[PDB]
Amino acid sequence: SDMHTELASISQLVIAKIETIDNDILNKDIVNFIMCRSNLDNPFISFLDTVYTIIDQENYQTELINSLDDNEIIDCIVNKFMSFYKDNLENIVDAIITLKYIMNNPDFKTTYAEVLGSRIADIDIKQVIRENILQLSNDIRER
């Protein structure tokens, strides 16, 4: 409801600050987010967090994941992770959130935490983020 002015305003803050941010640090903040530790100081994280919040009215993801067996998880993981090396921001964001919802599972958390850590360390998404953030903002405000 009030999340309109919210999201647009943070977008604007993101694009303004993205370049300046070291990528290694960005990737650390992102991991942390997946692990349910949101450093809101980082605007993009703040962006993510807001978005998550909106989605978790749905809540469906949690139930979904709790059903998945291991092959399904692995498929999910590998499928989602590809977003990062491609150039669609929506799917990147979606991926990240999907990954948090996974790490909210205590079993999957234990198993796959480490690797997510390792593999996120190797992505580079600053371009995608500056280039798409404001458009994404709208796609969702309106969604």
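Residue positions are given as counts along the sequence shown, with the first one as 1.
Asks: Regarding 9-17 and 115-123, which shows the higher C-alpha temperature factor on average in the entry?
Replies: For C-alpha atoms only, the mean B-factor is higher in 9-17.
Asks: Taking the C-alpha B-factors as the PDB entry records them, is residue 27 in the lowest, middle or highest third of its chain?
Replies: Middle third by C-alpha B-factor.
Asks: Once the chain's modelled residues are ordered by C-alpha B factor and cut into thirds, is residue 66 in the lowest, middle or highest one?
Replies: Tercile = highest for this residue's CA B-factor.
Asks: Please say which third, lowest, middle or highest, residue 75 falls into when its CA temperature factor is compared across its chain.
Replies: Middle third, going by the recorded CA B-factors of the chain.
Asks: Sorting by Cα B-factor within the chain, modelled residues only, which third would residue 58 end up in: lowest, middle or highest?
Replies: According to the entry, residue 58 has a C-alpha B-factor in the chain's highest third.
Asks: Going by what the PDB entry lists, where does residue 51 fall on CA B-factor within its chain: lowest, middle or highest third?
Replies: It belongs to the middle third of the chain when residues are ordered by C-alpha B-factor.
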